[PDB]
Each structure stands twice: as structure tokens, then as C-alpha cells.
């Protein structure tokens, strides 16, 4: 049967023209006589691919030459260790602003390798807000400030960014990467797994200011050492070649769409349809997140009639809208609406919500 509307939160839906391009290239990429999956990573074909992927990503996000771009394995969770291993001594302090459970996971891992100060946590109001930056009390000698830019489970997204009092800003942008323009120069490090907006799982992108590379802790595994990866242009060991190729296809296609200003407009448009449906529902559907920080990528919502949640999810799936189930601890629903989710999928969901409400009025 046909392709479904896939609301999965990661891995996620990918552009159909990209998938079909990959299908067409799979057996024999451009007359090279082999698949990307069979290429030497030190061969001229693969080198062309990873170089074009880097150049395309630099163009898309406007990443200047003062920053390195690394294509790594291990997921964002590997970076939770790599960051303080590379950037801190064991007795340095990192500040965290914790706006959901991904930030909390980052804090717990960093505690192995340095000191951590959680200068603000949204937990007491169920992770529904971003703090006022002026009232944060930042540690005066902090090495860096870590945020999770888009909290995938909780639907809380930074629109503006804090200015570190000392040191530099590090952001986990896994679930909103390449969804909108970002002024990279405000950051020391931007990182994220590919598997929401830019490719399949198995590739993690690290964007790191060059003056911060080097001097990792002695216990840093070679495979977590940024200087090693940078000096070898992400080919220290065998990279995730097919994944990097797929990212390259996605980056190329985002440029063809008109770049990130255009991508942002589409994302804002389709998210507004869903949030407006929720707010106009007279409480039938509810989104807990404070309006100004509502994610364009992950939309958590509940039903006033909580007992109807299983029926909602099951009937949506019969209507080809899958993976709408929300997190264990609040229940309800989560609509993930990443760059490649078609406008028509969001419209189908909004129509289904309207009909469901009228039926269970």
C-alpha cells in the first residue's frame, strides 16, 4: 500500500525525491561501477561526496571558515561525553540550562568528566518554559553554557539564545537542525544527530569553532577526540559513508528549496495549522508549552478526555497517520513535524482532529 504520514520523532520521515534518488544510485552510483556502500572512504568518489556535503551544509547554515564541520558516528549521546572530555579539564565547571529531558541526560553524562552547575531547570513546571536570560546566574569562570535548542519530548524550543557570561555557547540542535537560519558565530559548538531533519540514523554532525579544538583530557578515546577528527577531515577511521551521502542529498535538496529562510517559512506555516487547531478546540486538545517557545518540530498535546487517547492514536493510524503516541509520563500524543513532513500530512491530522472532536463532543 502507499506511503503513510509518518510522525516518528527520530528516525524520521525523509523527502521522497531524496529517497528515490538514493534508490536510483544504489546499485551503481553515477557509473562508478559500485554502490556508495562499497566505496573506499579514501577513494576519489567518496571524497567528492563528503566534500560536497560539507560545502552544501556550510552554504545552508552559513558556517564560516573559523568553524570545523565534523561528520561522526555514535549519536548525540556520544557527544554528551565528547564535549566535556574535549573542552574541559576534570575540575572545570560547565553551566546547563535544562529545558527538558535531553538536557538532563547531557548533565548526567558530563558529571563523569567535569563539574556541572544546573543554573536553571524547567522540571518544576513540567518542562514548559525557557527562562528569562537576564535573570540567569551564570558561573563566572564557566567553560561553557549548554542548552538543548529543541527539547524533542517536551516541545520547548529556543527562539533567541542566551549570551554566556564567560566562555561559549554549546547547543544540542538534534531535533531542529537545518529547520531555520542560525547565526553560528554566537556558538562555540552546535551538534546533532542527523536522524530528524537531515538524514538517517548513524551520522552525527559537530560544528566547532577551530580555536576550541585540541587539548582533550588524556582519557579521551581517540574516537571522541575532536582534533583527531578535524585534522583527518572526518576520515581518521572508516566513516559512515552511506549516511554522509544521504545527508549530502538532503542538504542539496534544502538548497534547491531556496535555503533555510524558505524552509523556516514552511515549518512555521504547518506548525501554526496544528497549534491553531489545538487552541481553537475549546480545551478538547491541550498543549502545555508556553506559547512563545512552542517547538515548530515536536508538538505534544493531550486530550481533556484522557481515556480517549488510545482510540485517537489507533484511528489516526488507520487513516495512515502513524507514530503519534506521546511520552509515557504525560501520555497523550506527540506530532513530530520535521522539515520533510508534507504539508498535506499536517492538514490530514488537523482535519482528523476536527472530526474526532465533533464525534466525541
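Residue numbers count along the first chain shown, from 1.
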Select between 312-320 and 290-298 the stretch whose C-alpha atoms have the higher average B-factor in the entry. 312-320
Taking the deposited Cα B-factors and averaging over 135-143 and over 203-211, the higher mean is found in 135-143
Out of 256, 157, 172, 225, highest CA B-factor residue: 256
Checking the record values for 24, 353, 18, 12, which has the greatest CA B factor? 353
Split the chain's modelled residues into thirds by Cα B-factor; residue 221 lands in the lowest
Looking at the temperature factor on the CA atom of residue 336, which third of the chain's modelled residues does it land in? lowest
Of the three thirds of the chain ranked by Cα temperature factor, residue 231 occupies the middle
Residue 38: CA B-factor among chain residues, third -> lowest
Using only modelled residues of the chain, where does the Cα B factor of residue 68 rank: lowest third, middle third or highest third? lowest
